[PDB]
>>> print(open('model-v3.cif').read())   # mmCIF, C-alpha atoms and all ligand atoms
data_entry
loop_
_atom_site.label_atom_id
_atom_site.label_comp_id
_atom_site.auth_asym_id
_atom_site.auth_seq_id
_atom_site.Cartn_x
_atom_site.Cartn_y
_atom_site.Cartn_z
CA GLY L 1 37.22 24.51 -2.57
CA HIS L 2 36.18 21.18 -3.94
CA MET L 3 33.64 22.62 -6.43
CA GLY L 4 33.68 25.47 -8.84
CA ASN L 5 30.65 27.68 -9.30
CA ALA L 6 28.77 25.60 -11.85
CA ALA L 7 29.23 22.34 -9.98
CA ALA L 8 28.24 23.89 -6.69
CA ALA L 9 25.10 25.40 -8.15
CA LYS L 10 24.15 22.12 -9.75
CA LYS L 11 24.65 20.20 -6.52
CA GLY L 12 22.70 22.74 -4.55
CA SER L 13 19.80 22.62 -6.98
CA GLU L 14 19.81 18.80 -6.93
CA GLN L 15 19.65 18.73 -3.17
CA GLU L 16 16.82 21.21 -3.03
CA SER L 17 14.93 19.16 -5.65
CA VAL L 18 15.20 16.11 -3.39
CA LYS L 19 13.63 18.07 -0.56
CA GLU L 20 10.79 19.08 -2.86
CA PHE L 21 10.23 15.50 -4.00
CA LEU L 22 10.23 14.17 -0.47
CA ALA L 23 7.77 16.74 0.78
CA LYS L 24 5.29 15.66 -1.88
CA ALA L 25 5.99 11.96 -1.24
CA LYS L 26 5.27 12.37 2.45
CA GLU L 27 1.97 14.09 1.75
CA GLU L 28 0.97 11.18 -0.52
CA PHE L 29 2.06 8.56 2.03
CA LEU L 30 0.15 10.14 4.84
CA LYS L 31 -3.09 10.13 2.87
CA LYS L 32 -2.81 6.37 2.31
CA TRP L 33 -1.50 5.72 5.81
CA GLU L 34 -4.68 7.19 7.21
CA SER L 35 -7.02 5.49 4.71
CA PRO L 36 -5.76 2.00 3.88
CA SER L 37 -7.22 -0.35 1.22
CA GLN L 38 -8.54 -3.82 2.06
CA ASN L 39 -10.31 -6.90 0.66
CA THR L 40 -9.42 -6.37 -2.96
CA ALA L 41 -9.59 -10.12 -4.13
CA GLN L 42 -10.24 -13.71 -2.95
CA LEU L 43 -8.32 -17.00 -2.95
CA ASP L 44 -10.17 -18.76 -5.75
CA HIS L 45 -9.13 -15.91 -8.11
CA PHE L 46 -5.63 -17.49 -8.17
CA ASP L 47 -3.95 -20.76 -9.16
CA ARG L 48 -1.14 -21.83 -6.84
CA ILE L 49 2.03 -22.66 -8.78
CA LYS L 50 5.08 -23.12 -6.51
CA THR L 51 6.33 -22.20 -3.06
CA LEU L 52 9.00 -19.49 -3.26
CA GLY L 53 9.78 -19.31 0.49
CA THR L 54 8.65 -20.62 3.89
CA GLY L 55 9.12 -19.30 7.44
CA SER L 56 7.60 -19.76 10.91
CA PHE L 57 4.43 -17.62 10.20
CA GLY L 58 3.70 -18.82 6.68
CA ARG L 59 5.05 -18.94 3.18
CA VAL L 60 5.22 -17.12 -0.12
CA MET L 61 3.88 -18.78 -3.23
CA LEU L 62 4.06 -18.00 -6.91
CA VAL L 63 0.42 -17.73 -8.07
CA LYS L 64 -1.38 -16.98 -11.33
CA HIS L 65 -4.45 -14.74 -11.48
CA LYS L 66 -6.97 -16.90 -13.30
CA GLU L 67 -8.84 -14.17 -15.16
CA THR L 68 -5.76 -12.34 -16.45
CA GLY L 69 -2.90 -14.86 -16.45
CA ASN L 70 -0.61 -12.49 -14.53
CA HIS L 71 1.79 -13.99 -12.01
CA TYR L 72 2.22 -12.67 -8.48
CA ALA L 73 3.93 -13.61 -5.22
CA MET L 74 1.32 -14.39 -2.53
CA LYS L 75 2.37 -14.29 1.11
CA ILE L 76 0.16 -16.59 3.21
CA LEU L 77 0.15 -16.09 6.98
CA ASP L 78 -1.60 -18.53 9.30
CA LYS L 79 -3.58 -16.39 11.77
CA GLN L 80 -3.23 -18.84 14.66
CA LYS L 81 0.53 -19.06 14.16
CA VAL L 82 0.86 -15.28 13.97
CA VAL L 83 -0.92 -14.91 17.32
CA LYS L 84 1.15 -17.70 18.89
CA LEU L 85 4.39 -16.05 17.80
CA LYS L 86 3.27 -12.57 19.05
CA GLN L 87 3.46 -11.09 15.53
CA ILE L 88 -0.01 -9.61 15.20
CA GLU L 89 1.19 -6.01 15.24
CA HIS L 90 4.11 -6.67 12.90
CA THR L 91 1.78 -8.37 10.41
CA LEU L 92 -0.79 -5.57 10.42
CA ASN L 93 1.93 -2.91 10.23
CA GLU L 94 3.65 -4.59 7.28
CA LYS L 95 0.43 -4.53 5.27
CA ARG L 96 -0.30 -0.96 6.27
CA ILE L 97 3.18 0.17 5.17
CA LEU L 98 3.08 -1.74 1.88
CA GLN L 99 -0.22 -0.25 0.84
CA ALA L 100 0.91 3.32 1.66
CA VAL L 101 4.44 3.56 0.24
CA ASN L 102 5.31 4.14 -3.41
CA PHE L 103 8.89 3.98 -4.70
CA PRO L 104 10.52 2.14 -7.63
CA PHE L 105 12.59 -0.22 -5.42
CA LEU L 106 9.74 -1.05 -2.95
CA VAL L 107 7.53 -3.99 -3.87
CA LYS L 108 3.97 -3.24 -4.77
CA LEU L 109 1.01 -4.77 -3.03
CA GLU L 110 -1.50 -5.68 -5.72
CA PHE L 111 -4.24 -7.37 -3.63
CA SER L 112 -4.95 -8.37 -0.05
CA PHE L 113 -7.66 -10.41 1.62
CA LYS L 114 -8.28 -12.90 4.41
CA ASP L 115 -10.38 -15.96 5.17
CA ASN L 116 -11.19 -18.17 8.16
CA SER L 117 -7.62 -19.39 8.56
CA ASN L 118 -5.17 -17.10 6.75
CA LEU L 119 -4.12 -13.63 5.71
CA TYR L 120 -3.04 -13.07 2.12
CA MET L 121 -0.80 -10.37 0.62
CA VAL L 122 -0.51 -10.54 -3.17
CA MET L 123 2.62 -8.72 -4.30
CA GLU L 124 4.58 -8.34 -7.51
CA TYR L 125 6.55 -11.42 -8.49
CA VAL L 126 10.28 -10.54 -8.68
CA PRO L 127 11.74 -13.27 -10.89
CA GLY L 128 15.48 -12.79 -10.49
CA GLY L 129 15.62 -14.31 -7.01
CA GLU L 130 17.59 -13.09 -4.01
CA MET L 131 20.70 -10.96 -4.06
CA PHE L 132 22.05 -13.52 -1.57
CA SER L 133 21.98 -16.24 -4.19
CA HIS L 134 23.72 -14.18 -6.81
CA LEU L 135 26.37 -12.94 -4.36
CA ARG L 136 27.22 -16.40 -3.12
CA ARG L 137 27.22 -17.73 -6.71
CA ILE L 138 29.89 -15.35 -7.93
CA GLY L 139 31.65 -14.78 -4.61
CA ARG L 140 31.87 -11.02 -4.51
CA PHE L 141 30.65 -8.09 -6.60
CA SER L 142 33.14 -5.68 -8.22
CA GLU L 143 32.91 -2.20 -6.76
CA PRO L 144 30.83 -0.79 -9.65
CA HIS L 145 28.40 -3.69 -9.36
CA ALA L 146 28.12 -3.26 -5.58
CA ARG L 147 27.73 0.48 -6.05
CA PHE L 148 24.77 0.07 -8.44
CA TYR L 149 22.87 -1.87 -5.78
CA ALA L 150 24.06 0.35 -2.93
CA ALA L 151 22.77 3.44 -4.71
CA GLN L 152 19.27 1.96 -4.84
CA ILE L 153 19.37 1.27 -1.11
CA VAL L 154 20.57 4.81 -0.36
CA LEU L 155 17.63 6.27 -2.32
CA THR L 156 15.16 3.83 -0.74
CA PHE L 157 16.32 4.69 2.77
CA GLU L 158 16.27 8.40 1.96
CA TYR L 159 12.62 7.94 0.97
CA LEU L 160 11.67 5.76 3.94
CA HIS L 161 13.39 7.99 6.49
CA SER L 162 11.54 11.00 5.14
CA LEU L 163 8.33 9.18 6.10
CA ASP L 164 9.75 8.52 9.60
CA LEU L 165 10.07 4.82 8.82
CA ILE L 166 13.07 2.89 10.14
CA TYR L 167 13.65 -0.27 8.09
CA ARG L 168 15.79 -2.61 10.28
CA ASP L 169 15.72 -5.71 8.03
CA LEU L 170 18.45 -5.11 5.45
CA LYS L 171 20.52 -8.08 4.29
CA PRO L 172 21.12 -9.81 0.92
CA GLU L 173 18.58 -12.53 1.74
CA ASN L 174 15.88 -9.84 1.86
CA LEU L 175 16.67 -8.16 -1.50
CA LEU L 176 15.25 -9.46 -4.74
CA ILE L 177 16.45 -8.76 -8.28
CA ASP L 178 13.84 -7.88 -10.91
CA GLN L 179 13.88 -8.64 -14.63
CA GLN L 180 15.75 -5.40 -15.39
CA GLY L 181 18.40 -6.12 -12.76
CA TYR L 182 17.16 -3.58 -10.19
CA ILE L 183 16.52 -4.32 -6.50
CA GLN L 184 13.16 -4.86 -4.82
CA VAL L 185 12.67 -4.51 -1.07
CA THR L 186 9.69 -6.59 0.23
CA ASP L 187 9.82 -7.16 3.99
CA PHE L 188 8.38 -4.58 6.38
CA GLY L 189 7.70 -6.73 9.40
CA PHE L 190 10.44 -5.06 11.41
CA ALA L 191 9.81 -1.52 10.09
CA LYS L 192 8.47 1.10 12.48
CA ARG L 193 7.18 4.63 12.19
CA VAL L 194 9.63 6.46 14.56
CA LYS L 195 10.14 10.20 14.71
CA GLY L 196 12.76 10.05 17.45
CA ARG L 197 14.12 7.05 19.33
CA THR L 198 13.13 3.42 19.66
CA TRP L 199 14.52 0.44 21.60
CA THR L 200 13.43 -2.89 20.13
CA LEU L 201 16.00 -5.65 19.81
CA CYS L 202 15.32 -6.98 16.32
CA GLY L 203 17.22 -7.86 13.20
CA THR L 204 19.93 -10.24 12.07
CA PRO L 205 23.16 -10.51 14.10
CA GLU L 206 25.65 -9.58 11.37
CA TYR L 207 23.64 -6.48 10.43
CA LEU L 208 22.87 -5.08 13.90
CA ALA L 209 24.23 -1.66 14.82
CA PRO L 210 26.01 -1.39 18.18
CA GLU L 211 23.26 0.75 19.64
CA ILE L 212 20.63 -1.96 18.91
CA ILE L 213 22.71 -4.56 20.76
CA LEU L 214 23.29 -2.18 23.67
CA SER L 215 20.34 -1.22 25.87
CA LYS L 216 20.41 2.44 24.85
CA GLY L 217 17.75 3.72 22.46
CA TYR L 218 18.47 4.27 18.82
CA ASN L 219 17.27 6.09 15.71
CA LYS L 220 17.18 5.79 11.92
CA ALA L 221 21.00 5.81 11.80
CA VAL L 222 20.93 2.06 12.42
CA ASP L 223 19.88 1.73 8.79
CA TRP L 224 23.02 3.56 7.63
CA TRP L 225 25.15 1.18 9.71
CA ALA L 226 23.33 -1.70 8.03
CA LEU L 227 24.04 -0.19 4.61
CA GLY L 228 27.74 -0.25 5.53
CA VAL L 229 27.47 -3.94 6.41
CA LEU L 230 25.70 -4.63 3.08
CA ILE L 231 28.22 -2.76 0.98
CA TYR L 232 31.08 -4.51 2.79
CA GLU L 233 29.52 -7.94 2.24
CA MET L 234 28.73 -7.28 -1.40
CA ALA L 235 32.30 -6.13 -2.13
CA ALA L 236 34.15 -8.67 0.09
CA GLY L 237 31.88 -11.68 -0.17
CA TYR L 238 31.64 -11.95 3.62
CA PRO L 239 30.38 -9.52 6.26
CA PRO L 240 32.60 -7.30 8.44
CA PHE L 241 31.64 -9.04 11.72
CA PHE L 242 31.13 -12.78 11.98
CA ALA L 243 31.85 -15.60 14.39
CA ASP L 244 30.57 -19.03 15.25
CA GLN L 245 27.89 -17.73 17.64
CA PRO L 246 25.84 -14.51 17.75
CA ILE L 247 27.12 -13.40 21.15
CA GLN L 248 30.64 -13.36 19.70
CA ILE L 249 29.39 -11.36 16.69
CA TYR L 250 27.89 -8.80 19.04
CA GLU L 251 31.20 -8.41 20.88
CA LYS L 252 32.94 -7.64 17.61
CA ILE L 253 30.29 -5.17 16.46
CA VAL L 254 30.45 -3.13 19.68
CA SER L 255 34.20 -3.00 19.48
CA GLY L 256 33.57 -1.99 15.84
CA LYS L 257 37.23 -2.68 14.90
CA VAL L 258 36.74 -3.26 11.19
CA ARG L 259 39.37 -4.71 8.84
CA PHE L 260 39.15 -4.71 5.05
CA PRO L 261 40.22 -6.96 2.16
CA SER L 262 43.35 -5.79 0.41
CA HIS L 263 41.41 -5.32 -2.84
CA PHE L 264 39.06 -2.65 -1.42
CA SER L 265 39.68 0.79 -2.87
CA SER L 266 40.68 3.61 -0.53
CA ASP L 267 37.42 5.38 -1.39
CA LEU L 268 35.42 2.31 -0.34
CA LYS L 269 37.32 1.93 2.92
CA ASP L 270 36.75 5.59 3.75
CA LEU L 271 33.00 5.30 3.10
CA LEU L 272 32.75 2.15 5.19
CA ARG L 273 34.72 3.59 8.12
CA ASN L 274 32.21 6.44 8.16
CA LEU L 275 29.13 4.15 7.96
CA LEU L 276 30.48 1.48 10.34
CA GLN L 277 31.16 4.17 12.90
CA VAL L 278 30.22 3.19 16.45
CA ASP L 279 30.16 6.88 17.57
CA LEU L 280 26.76 8.32 16.58
CA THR L 281 28.16 11.86 16.45
CA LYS L 282 30.38 10.77 13.62
CA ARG L 283 28.32 8.30 11.60
CA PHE L 284 27.47 9.29 8.07
CA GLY L 285 23.75 9.66 7.64
CA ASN L 286 23.43 10.98 11.21
CA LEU L 287 25.20 14.33 10.86
CA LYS L 288 23.98 17.82 10.06
CA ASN L 289 24.23 17.19 6.28
CA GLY L 290 22.18 14.00 6.57
CA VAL L 291 22.11 11.65 3.62
CA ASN L 292 24.11 14.08 1.54
CA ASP L 293 27.34 13.04 3.31
CA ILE L 294 26.76 9.60 1.79
CA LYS L 295 25.51 10.66 -1.63
CA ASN L 296 28.37 13.17 -2.08
CA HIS L 297 31.10 10.75 -0.97
CA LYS L 298 33.89 10.07 -3.45
CA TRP L 299 32.91 6.42 -3.75
CA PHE L 300 29.62 7.57 -5.28
CA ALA L 301 31.13 10.25 -7.53
CA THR L 302 30.17 8.32 -10.68
CA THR L 303 26.60 7.69 -9.52
CA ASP L 304 23.84 9.57 -11.37
CA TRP L 305 21.17 9.44 -8.70
CA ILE L 306 18.33 10.63 -10.94
CA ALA L 307 19.22 8.10 -13.61
CA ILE L 308 19.14 5.30 -11.02
CA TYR L 309 15.73 6.50 -9.80
CA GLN L 310 14.49 6.64 -13.42
CA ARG L 311 15.88 3.13 -13.98
CA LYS L 312 17.82 4.38 -16.99
CA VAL L 313 21.19 2.90 -15.92
CA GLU L 314 22.10 -0.45 -17.49
CA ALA L 315 22.24 -3.07 -14.74
CA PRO L 316 25.35 -5.22 -14.18
CA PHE L 317 23.39 -8.47 -14.04
CA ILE L 318 20.18 -9.38 -15.89
CA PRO L 319 18.61 -12.60 -14.62
CA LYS L 320 17.83 -15.42 -16.97
CA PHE L 321 14.10 -15.73 -17.53
CA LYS L 322 12.67 -18.54 -19.65
CA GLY L 323 9.04 -17.45 -19.73
CA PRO L 324 6.19 -16.26 -17.58
CA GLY L 325 6.14 -18.03 -14.25
CA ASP L 326 9.74 -19.28 -14.42
CA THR L 327 11.12 -19.97 -10.92
CA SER L 328 14.63 -21.14 -11.89
CA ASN L 329 16.23 -18.36 -9.82
CA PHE L 330 14.69 -19.55 -6.56
CA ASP L 331 15.44 -22.43 -4.22
CA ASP L 332 12.97 -25.39 -3.89
CA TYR L 333 10.76 -25.74 -0.78
CA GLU L 334 8.36 -28.44 0.41
CA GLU L 335 4.85 -27.97 -0.96
CA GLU L 336 2.06 -28.09 1.67
CA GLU L 337 -1.73 -27.78 1.43
CA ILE L 338 -3.48 -24.46 1.85
CA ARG L 339 -6.13 -25.48 4.38
CA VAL L 340 -9.05 -23.18 5.14
CA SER L 341 -11.01 -24.06 8.32
CA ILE L 342 -14.83 -24.18 8.38
CA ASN L 343 -14.59 -21.89 11.45
CA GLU L 344 -13.23 -18.36 11.62
CA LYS L 345 -9.96 -18.10 13.61
CA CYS L 346 -8.71 -15.01 15.47
CA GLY L 347 -11.28 -12.73 13.80
CA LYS L 348 -11.09 -9.83 16.23
CA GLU L 349 -7.28 -9.71 16.23
CA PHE L 350 -7.16 -9.20 12.47
CA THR L 351 -10.16 -6.91 11.80
CA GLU L 352 -7.89 -4.20 10.32
CA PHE L 353 -6.27 -6.48 7.78
CA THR H 1 42.55 -16.16 5.91
CA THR H 2 39.50 -14.11 6.80
CA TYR H 3 37.47 -15.89 4.14
CA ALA H 4 38.53 -19.29 5.45
CA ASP H 5 37.46 -18.17 8.93
CA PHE H 6 34.09 -17.14 7.42
CA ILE H 7 33.64 -20.64 6.01
CA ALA H 8 34.62 -22.16 9.35
CA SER H 9 32.04 -20.08 11.20
CA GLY H 10 29.18 -21.99 9.64
CA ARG H 11 27.32 -18.77 8.91
CA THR H 12 27.68 -18.87 5.17
CA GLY H 13 24.07 -19.73 4.33
CA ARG H 14 20.88 -17.77 4.86
CA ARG H 15 20.85 -16.11 8.25
CA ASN H 16 17.82 -15.94 10.50
CA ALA H 17 16.63 -12.90 12.35
CA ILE H 18 16.78 -12.99 16.16
CA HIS H 19 12.92 -13.24 16.40
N1 LIG L 401 8.72 -12.40 -5.70
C1 LIG L 401 8.65 -12.29 -4.56
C2 LIG L 401 8.55 -12.20 -3.15
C3 LIG L 401 7.82 -11.14 -2.58
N2 LIG L 401 7.17 -10.23 -3.40
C4 LIG L 401 7.77 -11.06 -1.18
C5 LIG L 401 8.42 -11.99 -0.38
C6 LIG L 401 9.14 -13.05 -0.94
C7 LIG L 401 9.81 -14.08 -0.10
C8 LIG L 401 10.38 -13.90 1.09
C9 LIG L 401 10.82 -15.06 1.94
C10 LIG L 401 12.21 -14.81 2.53
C11 LIG L 401 12.24 -13.42 3.25
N3 LIG L 401 11.89 -12.37 2.30
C12 LIG L 401 10.52 -12.56 1.79
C13 LIG L 401 9.20 -13.12 -2.33
CL1 LIG L 401 10.06 -14.39 -3.08
#
>>> encode(input="model-v3.cif", output="structure tokens", more="lines below")
Ligand SMILES: N#Cc1c(N)ccc(/C=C2/CCCNC2)c1Cl
Amino acid sequence: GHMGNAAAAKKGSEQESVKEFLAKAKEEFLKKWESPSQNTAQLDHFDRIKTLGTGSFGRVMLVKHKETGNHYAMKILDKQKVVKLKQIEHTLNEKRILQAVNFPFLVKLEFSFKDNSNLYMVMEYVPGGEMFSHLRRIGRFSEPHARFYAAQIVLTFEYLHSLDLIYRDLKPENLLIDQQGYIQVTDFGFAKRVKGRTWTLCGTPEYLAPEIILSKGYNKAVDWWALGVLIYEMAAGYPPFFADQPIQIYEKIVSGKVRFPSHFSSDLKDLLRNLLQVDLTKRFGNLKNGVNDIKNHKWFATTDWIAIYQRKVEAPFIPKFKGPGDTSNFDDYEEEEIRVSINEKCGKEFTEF
Amino acid sequence: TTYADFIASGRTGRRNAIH
């Protein structure tokens, strides 16, 4: 067989220890899921420094906590715009998830509050900027470099799926690099607590699994498809399915005929053919052995999963950081006022926030 | 090449979600 006695016993023990960890993690999540925290600060506790990102709902700003000097990333959502865009439930769910989860690669929610106009989520500041930036800067990641990041995503999805959370928003734009070179996941607006199937069309074209595009329902295995897309893009520098227009991307995905750069290792191509598998009875992560088909794949043979979890592995890239509050790893965005109306807006829609 | 086709697609910058 592939393992002798000692190796088999060690692997078996490791796998059973994961089950034991996850059972405790779920118990802890469910306590916080049922009793969320709220209203833990106010706007005038913070100085606004710089906008780190903007989107249709709001923006994310680097802020400094006046009393302590600590820097944070504050997401500001305009209540009226959230209602207009039909994102009330996504917004409330994102906050509920962030305050209940706990994992080293999931961003921590430090404070939250609201006022007449806006909702505020004060999160850790992750100073290394987006994986997207770093990937496009150097073109492609060598396989060990890609594998270091991929391993963190595998562990994060193992954790989330144990909580019955499907993630659905993976892409390099949505992954941040911390001062130690490890990945932080921040966005939970598309996440859903799902014990079986779900149907929503959501995500980014290049990262959509075939069964999201198609009308059929789907399950947490869409996240393992998306991991395949991420690993491919990290190691190639471009994603496996692209075209000028989304409808043409979708056609390629549902064919699922994937071609690889000539520099990909055979181990990498085998892993990716098993993640980018259109047939759900064959896709790694969706079989009887679950996540262990991925974690025990040859491409991951050098990965020490516990050491990654303990953040004891030296990272391949350490961002440059010139001092507290440095934003040199982020793009520049237009700076707009933070207006707070004299009148309360959309109060009843956002009571739970 | 595939990479040149990627550049020609115009989808080399940050990609938006469908909604
Ligand atoms: N640091 C930090 C940090 C954060 N804790 C949460 C969110 C963001 C910014 C975006 C905007 C683009 C889509 N992903 C979320 C940032 Cl920069």
>>> residues_near_ligand(input="model-v3.cif", ligand="ligand LIG 401 (chain L)", cutoff="7 Å", atoms="only C-alpha atoms and all ligand atoms", output="ChimeraX atom specification")
/L:52-54,60,73,75,107,123-127,129,173-174,186-187
>>> closest_residue(input="model-v3.cif", among="L:113, L:132, L:218, L:232", to="chain H", atoms="all atoms listed in the file")
L:132
>>> interface_residues(input="model-v3.cif", of="chain L", to="chain H", cutoff="7 Å", atoms="all atoms listed in the file", output="PyMOL selection string")
chain L and resi 173+202-204+238+242-244
>>> residues_near_point(input="model-v3.cif", point="(-4.3, -4.5, 1.3)", cutoff="6 Å", atoms="all atoms listed in the file", output="JSON list (two decimals) with C-alpha atoms, in the frame of the given file")
[["chain", "number", "residue", "atom", "x", "y", "z"],
["L", 37, "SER", "CA", -7.22, -0.35, 1.22],
["L", 38, "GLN", "CA", -8.54, -3.82, 2.06],
["L", 99, "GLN", "CA", -0.22, -0.25, 0.84],
["L", 111, "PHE", "CA", -4.24, -7.37, -3.63],
["L", 112, "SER", "CA", -4.95, -8.37, -0.05]]
>>> atom_distance(input="model-v3.cif", atom1="atom CA of residue L:295", atom2="atom CA of residue L:20")
17.0 Å
>>> atom_distance(input="model-v3.cif", atom1="atom CA of residue L:138", atom2="atom CA of residue L:236")
11.3 Å
>>> residues_around(input="model-v3.cif", residues="stretch 28-36 of chain L", least_positions_apart="6", cutoff="10 Å", atoms="all atoms listed in the file", output="VMD selection string")
chain L and resid 22 95 to 102 163 352 to 353
>>> atom_distance(input="model-v3.cif", atom1="atom CA of residue L:49", atom2="atom CA of residue L:327")
9.7 Å
>>> axis_aligned_box(input="model-v3.cif", around="stretch 235-245 of chain L", padding_each_side="5 Å", output="lines of an AutoDock Vina configuration file")
center_x = 31.0
center_y = -12.6
center_z = 7.8
size_x = 16.3
size_y = 22.9
size_z = 29.8
>>> decode(input="model-v3.cif", residues="stretch 224-293 of chain L", atoms="C-alpha atoms", output="PDB file, in the first residue's frame")
ATOM      1  CA  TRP L 224     -13.640  23.325  -3.816  1.00  0.00           C
ATOM      2  CA  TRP L 225     -14.146  24.175  -7.501  1.00  0.00           C
ATOM      3  CA  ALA L 226     -13.291  27.782  -6.648  1.00  0.00           C
ATOM      4  CA  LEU L 227     -10.136  26.626  -4.841  1.00  0.00           C
ATOM      5  CA  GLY L 228      -9.110  24.908  -8.081  1.00  0.00           C
ATOM      6  CA  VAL L 229      -9.616  28.163  -9.990  1.00  0.00           C
ATOM      7  CA  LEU L 230      -7.545  30.045  -7.371  1.00  0.00           C
ATOM      8  CA  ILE L 231      -4.680  27.579  -7.400  1.00  0.00           C
ATOM      9  CA  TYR L 232      -4.654  27.599 -11.207  1.00  0.00           C
ATOM     10  CA  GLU L 233      -4.592  31.404 -11.338  1.00  0.00           C
ATOM     11  CA  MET L 234      -1.902  31.701  -8.691  1.00  0.00           C
ATOM     12  CA  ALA L 235       0.366  29.209 -10.493  1.00  0.00           C
ATOM     13  CA  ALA L 236      -0.377  30.308 -14.104  1.00  0.00           C
ATOM     14  CA  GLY L 237      -0.959  34.010 -13.655  1.00  0.00           C
ATOM     15  CA  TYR L 238      -4.329  33.803 -15.422  1.00  0.00           C
ATOM     16  CA  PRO L 239      -7.484  31.827 -14.635  1.00  0.00           C
ATOM     17  CA  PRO L 240      -8.502  28.557 -16.330  1.00  0.00           C
ATOM     18  CA  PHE L 241     -11.632  30.036 -17.984  1.00  0.00           C
ATOM     19  CA  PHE L 242     -11.720  33.527 -19.436  1.00  0.00           C
ATOM     20  CA  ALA L 243     -13.162  35.350 -22.416  1.00  0.00           C
ATOM     21  CA  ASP L 244     -14.174  38.830 -23.435  1.00  0.00           C
ATOM     22  CA  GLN L 245     -17.692  38.511 -21.988  1.00  0.00           C
ATOM     23  CA  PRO L 246     -19.131  36.561 -19.037  1.00  0.00           C
ATOM     24  CA  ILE L 247     -21.553  34.512 -21.122  1.00  0.00           C
ATOM     25  CA  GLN L 248     -18.572  33.127 -23.049  1.00  0.00           C
ATOM     26  CA  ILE L 249     -16.794  32.356 -19.751  1.00  0.00           C
ATOM     27  CA  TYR L 250     -19.824  30.414 -18.586  1.00  0.00           C
ATOM     28  CA  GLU L 251     -19.832  28.329 -21.775  1.00  0.00           C
ATOM     29  CA  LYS L 252     -16.222  27.360 -21.150  1.00  0.00           C
ATOM     30  CA  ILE L 253     -16.791  26.520 -17.491  1.00  0.00           C
ATOM     31  CA  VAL L 254     -19.700  24.173 -18.229  1.00  0.00           C
ATOM     32  CA  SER L 255     -17.696  22.418 -20.881  1.00  0.00           C
ATOM     33  CA  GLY L 256     -14.969  22.345 -18.203  1.00  0.00           C
ATOM     34  CA  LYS L 257     -12.285  21.469 -20.811  1.00  0.00           C
ATOM     35  CA  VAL L 258      -9.252  22.745 -18.919  1.00  0.00           C
ATOM     36  CA  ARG L 259      -5.786  23.203 -20.416  1.00  0.00           C
ATOM     37  CA  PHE L 260      -2.615  23.862 -18.430  1.00  0.00           C
ATOM     38  CA  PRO L 261       0.641  25.801 -18.865  1.00  0.00           C
ATOM     39  CA  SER L 262       3.577  23.629 -19.833  1.00  0.00           C
ATOM     40  CA  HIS L 263       5.381  24.550 -16.605  1.00  0.00           C
ATOM     41  CA  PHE L 264       2.721  23.029 -14.310  1.00  0.00           C
ATOM     42  CA  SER L 265       3.919  19.928 -12.511  1.00  0.00           C
ATOM     43  CA  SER L 266       2.101  16.645 -13.096  1.00  0.00           C
ATOM     44  CA  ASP L 267       1.054  16.650  -9.435  1.00  0.00           C
ATOM     45  CA  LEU L 268      -0.514  20.101  -9.844  1.00  0.00           C
ATOM     46  CA  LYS L 269      -2.366  19.111 -13.006  1.00  0.00           C
ATOM     47  CA  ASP L 270      -3.740  16.009 -11.312  1.00  0.00           C
ATOM     48  CA  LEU L 271      -4.992  18.019  -8.325  1.00  0.00           C
ATOM     49  CA  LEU L 272      -6.596  20.613 -10.584  1.00  0.00           C
ATOM     50  CA  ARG L 273      -8.305  18.029 -12.807  1.00  0.00           C
ATOM     51  CA  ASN L 274      -9.871  16.626  -9.644  1.00  0.00           C
ATOM     52  CA  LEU L 275     -10.975  20.041  -8.282  1.00  0.00           C
ATOM     53  CA  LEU L 276     -12.096  21.455 -11.663  1.00  0.00           C
ATOM     54  CA  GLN L 277     -14.252  18.400 -12.170  1.00  0.00           C
ATOM     55  CA  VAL L 278     -17.683  19.164 -13.622  1.00  0.00           C
ATOM     56  CA  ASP L 279     -19.059  15.761 -12.431  1.00  0.00           C
ATOM     57  CA  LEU L 280     -20.025  16.147  -8.755  1.00  0.00           C
ATOM     58  CA  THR L 281     -19.590  12.415  -8.128  1.00  0.00           C
ATOM     59  CA  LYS L 282     -15.940  12.803  -8.932  1.00  0.00           C
ATOM     60  CA  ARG L 283     -14.957  16.201  -7.537  1.00  0.00           C
ATOM     61  CA  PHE L 284     -12.422  16.226  -4.754  1.00  0.00           C
ATOM     62  CA  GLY L 285     -13.916  17.605  -1.587  1.00  0.00           C
ATOM     63  CA  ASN L 286     -17.301  16.056  -2.470  1.00  0.00           C
ATOM     64  CA  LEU L 287     -16.466  12.363  -2.099  1.00  0.00           C
ATOM     65  CA  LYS L 288     -16.739   9.937   0.790  1.00  0.00           C
ATOM     66  CA  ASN L 289     -13.286  10.939   2.128  1.00  0.00           C
ATOM     67  CA  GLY L 290     -14.210  14.628   2.076  1.00  0.00           C
ATOM     68  CA  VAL L 291     -11.455  17.169   2.481  1.00  0.00           C
ATOM     69  CA  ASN L 292      -8.923  14.435   3.090  1.00  0.00           C
ATOM     70  CA  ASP L 293      -8.762  13.663  -0.655  1.00  0.00           C
TER      71      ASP L 293
END
